[PDB]
Number of protein chains: 2
Amino acid sequence: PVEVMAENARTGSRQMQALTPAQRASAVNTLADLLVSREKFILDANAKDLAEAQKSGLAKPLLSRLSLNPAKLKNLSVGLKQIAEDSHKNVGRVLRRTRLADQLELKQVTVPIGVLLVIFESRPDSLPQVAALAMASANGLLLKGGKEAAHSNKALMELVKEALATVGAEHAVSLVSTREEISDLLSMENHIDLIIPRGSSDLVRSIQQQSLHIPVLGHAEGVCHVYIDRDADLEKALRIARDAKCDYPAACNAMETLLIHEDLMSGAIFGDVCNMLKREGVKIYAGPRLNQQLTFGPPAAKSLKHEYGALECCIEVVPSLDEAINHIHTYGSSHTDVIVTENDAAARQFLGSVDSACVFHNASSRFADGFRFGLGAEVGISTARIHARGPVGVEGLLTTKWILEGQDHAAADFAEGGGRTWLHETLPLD
Amino acid sequence: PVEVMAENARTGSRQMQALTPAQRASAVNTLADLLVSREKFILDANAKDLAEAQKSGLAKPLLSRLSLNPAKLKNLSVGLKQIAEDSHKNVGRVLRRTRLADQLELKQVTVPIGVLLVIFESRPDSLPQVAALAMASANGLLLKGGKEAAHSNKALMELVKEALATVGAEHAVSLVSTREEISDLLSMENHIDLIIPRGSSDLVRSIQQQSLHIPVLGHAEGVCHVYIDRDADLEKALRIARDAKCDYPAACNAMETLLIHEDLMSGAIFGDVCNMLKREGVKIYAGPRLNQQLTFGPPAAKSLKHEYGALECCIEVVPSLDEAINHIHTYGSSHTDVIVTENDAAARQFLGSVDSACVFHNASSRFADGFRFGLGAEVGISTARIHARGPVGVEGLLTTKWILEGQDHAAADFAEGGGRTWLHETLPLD
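A word on the domain arrangement of chain A
All names here are of chain A.
Turning to step 1, where the next piece is worked out: The domains assigned to chain A are domain 1 (1-221 + 374-430) and domain 2 (222-373).
Turning to step 2, where the next piece is worked out: Summarising the inter-unit geometry, the C-alpha centres of domain 1 and domain 2 are found 36 Å apart.
Turning to step 3, where the next piece is worked out: Each partner contributes to the interface: domain 1 provides twelve residues, whereas domain 2 provides 15 residues.
Turning to step 4, where the next piece is worked out: Carbon and sulfur atoms supply 54% of the area buried between domain 1 and domain 2, which totals about 1100 Å² over both sides.
Turning to step 5, where the next piece is worked out: If you look at where domain 1 meets domain 2, you find zero salt bridges.
Turning to step 6, where the next piece is worked out: Across the contact surface, domain 1 and domain 2 share seven residue pairs in polar contact.
Turning to step 7, where the next piece is worked out: Of the residues that constitute the side of domain 1 that touches domain 2, the class distribution is three nonpolar, five polar and four charged.

Some points on the environment of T400(B)
All names here are of chain B.
Turning to step 1, where the next piece is worked out: With respect to the helices and strands, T400 occurs in strand β13 (residues 398-404).
Turning to step 2, where the next piece is worked out: As a C-alpha pair, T400 and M188 span 212 residues in sequence and 24 Å in three-dimensional space.
Turning to step 3, where the next piece is worked out: In this structure the side chain of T400 is engaged in a polar contact, spanning 3.3 Å, whose partner is the side chain of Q108.

Digging into the sheet that holds strand β5 (residues 192-197) of chain A
Residue and element names in this part refer to chain A.
Turning to step 1, where the next piece is worked out: Reading across from one edge, β4-β3-β5 is the order of the three strands in this open sheet, with parallel pairing throughout. Whereas interior strands pair on both sides, the edge strands pair on one side only; in this sheet they are β4 (141-144) and β5. Averaged over all adjacent pairs, the angle separating strand axes in this sheet is 20 degrees, with direction ignored.
Turning to step 2, where the next piece is worked out: In terms of strand pairing, strand β3 (residues 115-119) meets β4 through four bridges, oriented parallel. The residue bridging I119 from the neighbouring strand is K144, located in β4.

Comments concerning the UniProt feature "binding site: NADP(+)" (unreviewed entry) in chain A
Residues and elements named next belong to chain A.
Turning to step 1, where the next piece is worked out: The feature "binding site: NADP(+)" (unreviewed entry), as given by UniProt, occupies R179, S201 and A220 in the numbering adopted here.
Turning to step 2, where the next piece is worked out: Inspection of the secondary structure assignment puts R179 in the loop between α7 (150-166) and α8 (183-187).
Turning to step 3, where the next piece is worked out: Under the relative-accessibility criterion, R179 is labelled partly exposed at 46%.
Turning to step 4, where the next piece is worked out: Its location among the elements puts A220 in the loop between α9 (201-210) and β6 (227-228).

Description of the relation of the copies chain B and chain A
Turning to step 1, where the next piece is worked out: Of the transformation superimposing chain B on chain A, the axial component is 0.1 Å and the angular component is 180 degrees, with the fit at an RMSD of 0.0 Å. Taken together, the rotation and translation relating the two chain copies correspond to the operation of a two-fold axis. Minimal C-alpha distance to the rotation axis in chain B is attained by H387(B), lying at 2.1 Å.

A short note on helix α11 (residues 269-279) of chain A
Residue and element names in this part refer to chain A.
Turning to step 1, where the next piece is worked out: The set of residues buried in α11 consists of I269, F270, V273, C274 and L277. Down the axis of α11, the sector holding all buried residues measures 135 degrees, keeping them to one side. Exposed and oriented more than 90 degrees from the buried face of α11 are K278 and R279.
Turning to step 2, where the next piece is worked out: For α11, the secondary structure elements touched by its buried residues are α10 (234-245), β8 (283-284), α12 (288-293) and β9 (312-313).

Things to note about the packing of helix α2 (residues 23-37) of chain B against helix α6 (residues 126-137) of chain B
Residue and element names in this part refer to chain B.
Turning to step 1, where the next piece is worked out: Interaxial distance between α2 and α6 falls to 9 Å at its minimum, and their mutual angle equals 160 degrees. In terms of orientation, α2 and α6 fall into the roughly antiparallel class. Pair α2 / α6 crosses with right-handed handedness. Two secondary-structure elements touch here, α2 through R24, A27, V28, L31 and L35 and α6 through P128, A132 and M135.
Turning to step 2, where the next piece is worked out: Along the lines of polarity and charge, the residues of the contact of α2 with α6 split into seven nonpolar, no polar and one charged.

Reading guide: rules and limits
- Residues numbered from 1 in each chain as written, not as in the entry; some residues may be left out.
- Chains lettered and ligands numbered in written order.
- Heavy atoms only, no water.
- Domains from an automatic or database assignment.
- Contact = heavy atoms within 4.5 Å.
- Buried area = accessible area lost by both parts, 1.4 Å probe.
- Salt bridge = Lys/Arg side-chain N within 4 Å of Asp/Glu carboxyl O.
- Polar contact = N/O pair within 3.5 Å; in protein donor to acceptor, adjacent residues only side chain to side chain.
- Nonpolar A, V, L, I, M, F, W, Y, C, P; charged D, E, K, R; others polar.
- Helix = DSSP H or I, 4+ residues; strand = E, 2+ residues; numbered from the N terminus.
- Pairing = 2+ DSSP bridges.
- Axes fitted to C-alpha atoms, helices over the stretch in contact; angles between N-to-C directions.
- UniProt positions renumbered as here; feature names shortened; annotations may be inferred.
- Buried < 20%, exposed > 50% of the residue type's maximum accessible area, 1.4 Å probe, protein only.
- Least-squares fit on C-alpha atoms.
- Arc of directions from axis to C-beta.
- Parallel < 35°, antiparallel > 145°, perpendicular 65-115°, else oblique.
- Left-handed = near helix turned anticlockwise from the far one by under 90°.

This is the structure:
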């Protein structure tokens, strides 16, 4: 059934909550041991199901991404061992240590969240990553893939459950049957806490439209932005755009626009960047002011807020940096923005003005990866303005909790009748 | 109109964003100056509108709470001066300072949120508190009261706007007309960020039912919980219940239940606590196991999860602390819970097991006030499991933002083609 799974996972969260010191670590490292040692089962199941699914041949992305190879197994094993070694103090870290009065220490500490929900398309590689993260956050977790990889999902479920049953002896992890009318599973509440979609923009937007009365992680668009000032070296901007677009076009934090200072139009940079885009085969449109600017220029852009994903990039030019901030806050998804120049006045002004989830200077839009952030294995990219900004490591998965151990105190005692005063001496948090 | 207000407030947030060092502080202290110096206007308006509203005589709570006195003015003035003095470094505080490679410093800093929305019943005292908080968070803020206090709302709006126009010269603050079909104002999005209801449980629950596709602060019930172990002094528990219930019955974080160890039933404590409840006139019900326990006992409780607010408290007894944790997580709103005993094994076990927003030991349920937390002037009580837990000071009103100022770097440079390595030397955050 379903609800039984929810409450079983709740209790398992309660259980795993009491296994912090190297215990869950032993669990996940043993999981990595089995993931690297008993692989036969796994790839034979995958070969079976993939042979079954190729005849379907739904679409290039899935049909290409769902496969698996021993190289991927080794990669996952080493990443999981890294998570295990570095994730030893996720839960229980202190945040405030204040003594209000004699022998009274209020403190706020981190806490597991509870029954998470992970949603993703065919990605048999994904499940172990997220599961290791959950086990590193000791919190419950639910799982739901799609129509495909079914047998492999089962196999990995069995493997991780076996690795689990060793320590803790209580399983707070599951998987569900065919698509289980996910609108239902979402309508559930008081059990599940945060939604983590992982399939792709289509799927996350499906969630966004469905998502109601339940908090949501993740983003919906990846509309980055790049501006050039009149005070930047040409080839710098050139290689910047080159790397920022022609690295992973389908990626979410890849630049899909370009703005330029008006004055640099007379320095023939424009043609140079278009030459680069052609060398990388980029279908570029034009922007209204630029549209006017040249005799014909590139063709006309449909809408400024479009999302391409392929080798396309809108281009537009504006007189003042202020106009640039206007256009950004107007059209940008506040996902990830940048600026290039060699005067810092523009830099300070821009970076204090723009309000994206993460901004840059002389860098690429292709840095939002969590790992590149030295933030370990990320789980999503929050565009929401709450609890998390952009790349979410493990931190956005453990909330806070106040505790307080009074000796004999009460509330009215601090009134004038009782001799109680207030100290607020925030001791050095351990 | 409305949207013009939204965007004007956005721009004003941009503006006030550039006034951190003692500038907004000067603004709010001058606001306090005028709030304490030009009071004539204010109380005459209030007298007018209150005389008009008494003939209506809607209900005791509002008709009693909406008034105002020079004492309240002095109190607000001093609280605002406190906020001004201690809130000098809200925005711009660093959180991570990591250098990924040579001359490349990624850093994550705090940031204003944007267009807040405050909703509350007749509380002419409230508006200046929240407005000072906003000005202390430099972020936009919207305002909406109710049918009453209209002229006083206007007057205070004018006063705070005059105090504003001095510094910043840009007003990001407003108020709306009669109730403006708040469902509409809520349906707005991409402008407003967080909802802060302030009226009362009825109103916040109205929001909760309405609240969709927009994050929400606040709580919905205040179902606290108190347990007694077989290892606690009697009169300790007695005075605890006394203070925890008979201090502010209508308060939200006031205890509205009671659990007891089974063995203490033979120590006649039960009658003692009932004597206390009678001395304080508390209509008590009974719990199913207790219901069975005595020959007749107190009468039968309708439902365990009821909310009283008045001088009532359910009472129930269970054999094992584990049963207690079960009942808590089953019925408790995870709002605020406690335990009393004199063995610490029970203490550690309980406090690691229970998962409320804030827990206690030998203290009262009447501590959730933010101010008592030495957390300054709180704004609400978050029961949600995201971004904030229980009492929210100013901290839950400033989110994070990554910035990064590279020199000439790029993304592929860190691949094997370019000689780039990773340092992750988290410098001491300033």
